[PDB]
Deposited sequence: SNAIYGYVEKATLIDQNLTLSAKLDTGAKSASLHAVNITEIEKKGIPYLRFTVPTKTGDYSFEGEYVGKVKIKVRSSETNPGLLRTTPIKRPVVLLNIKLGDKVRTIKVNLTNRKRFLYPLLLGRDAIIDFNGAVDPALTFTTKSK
């Protein structure tokens, strides 16, 4: 690893310049994002999902490559999402989840933390400053 993040960080979904509080959760493999109004489209025979992220400042619409489904025994779709954490940008697989009960709209699991080459110190928050 080359960075040590706290267990909560601000992360930006760069397509909409949307900064969210994200929990960095080493107990989960997958990343997840609450999203609503999910629709499948095809761009040149490649499936994408269009979806909304709802927030206190209103709704943000995204499109992401539709790369699979995973069981959580509910199956949810997995899309690719461009995410900035500190000065690093990565394209990360995220589950689009239905639950509107939660503290943090974005959860980054082990795969995402590894993509960012990070370790997590749970004594800290918002190390990206």
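Visitor: No C-alpha coordinates anywhere in a stretch? Then put that deposited-sequence range on the list, in order along the chain.
Guide: Those parts of the chain that were deposited but carry no coordinates are 73-87, 145-146.
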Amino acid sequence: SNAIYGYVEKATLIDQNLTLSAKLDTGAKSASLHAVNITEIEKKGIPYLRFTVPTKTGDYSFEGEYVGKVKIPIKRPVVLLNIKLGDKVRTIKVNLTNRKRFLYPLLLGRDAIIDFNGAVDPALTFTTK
From here on, numbers count along this sequence of modelled residues.
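Visitor: Look over 76-84 and 37-45 in the entry and identify the one with the greater average Cα temperature factor.
Guide: Comparing averages over the C-alpha atoms only gives 37-45.
Visitor: Is the mean CA B factor in the deposited entry higher across 93-101 or across 53-61?
Guide: For C-alpha atoms only, the mean B-factor is higher in 93-101.
Visitor: Taking the chain's C-alpha temperature factors as the reference, tell me which third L107 falls into: lowest, middle or highest.
Guide: Within its chain, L107 is a middle-third residue by C-alpha B-factor, going by the deposited values.
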